[PDB]
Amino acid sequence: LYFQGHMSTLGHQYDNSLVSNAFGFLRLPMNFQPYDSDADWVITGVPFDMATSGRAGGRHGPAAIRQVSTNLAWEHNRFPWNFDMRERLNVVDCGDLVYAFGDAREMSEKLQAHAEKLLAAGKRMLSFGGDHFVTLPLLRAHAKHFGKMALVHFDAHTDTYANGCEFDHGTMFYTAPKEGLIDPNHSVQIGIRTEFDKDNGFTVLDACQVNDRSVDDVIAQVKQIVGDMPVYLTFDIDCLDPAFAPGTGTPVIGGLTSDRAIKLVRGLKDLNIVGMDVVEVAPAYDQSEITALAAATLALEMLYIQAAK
């Protein structure tokens, strides 16, 4: 009942409402010292958007994902699954990373040291952004513990820009391969629909072709691409068409549906995913929490494919 959500309400009463007792993601228990806990998975918020080239507001993403997640908490077995992920995984929400707002360098180092300490304690990580730069420190900690990783990357942009400043949310996947964190030749970038480089190692499955092909065919290609490398899964929510995810800093039309998106994440269940994150929710631009809702449903789906093991 602790690790379920029966235990994070007033008087520890099971809150059946899709509204009340909205604190931790999915009403999962708060543990602000997660390093010595009995958690299998530790949810972290990264309230950061200093590395944005478009709209800011990403700093409020972790809160929005948590707030809207009460819509999913009532499902004992989250559809369409035949078990409860809370019975299989012990998940805690450790709150948001504390850093000096206006110091991206302090954010970077403290986030890297946070992950390094979790991973060294045998805890796995589901992380909420924040702009997509937060994924770089996370990959620096993950590469140290799990080795070089295949990147499964849901996005409208490839973020492989070579001539940006240090704190730039469009330069993580130029920097990660350069530092030997990820292998481009085993990495896949799904839903791309902005200018990208073709003759790097990355396999780009653009939104045009992904919206035309079947989910099972895209999945089969992804399964082959990654091989047997440990996967880091990163979902930029601007992968979804702005009709489904208006609340992003860099929106691009001709994106994926929320249906196609959840089906693709659902289908990655057989892979070795060591870490994952959902980034770039900007609630200042969200409409009736639909962007936040997509991020939270995808976040819960990521936990369910780990529980599927």
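So that there is no doubt, residue numbering starts at 1 and follows the sequence shown.
- When the two stretches 194 to 202 and 148 to 156 are set side by side, the higher mean Cα temperature factor goes to 194 to 202.
- As recorded in the PDB entry, 12 to 20 is the stretch of 12 to 20 and 288 to 296 with the greater mean C-alpha temperature factor.
- The entry lists C-alpha B-factors for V188, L136, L89, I237, and the highest of these is at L89.
- Ranked by C-alpha B-factor against the other modelled residues of its chain, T44 falls in the middle third.
- Looking at the C-alpha B-factors along this chain, the one for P34 belongs to the highest third.
- Looking at the C-alpha B-factors along this chain, the one for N71 belongs to the lowest third.
- Sort the chain's modelled residues by C-alpha temperature factor and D84 lands in the highest third, per the entry.
- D93: CA B factor in the middle third of modelled residues in this chain (values from the PDB entry).
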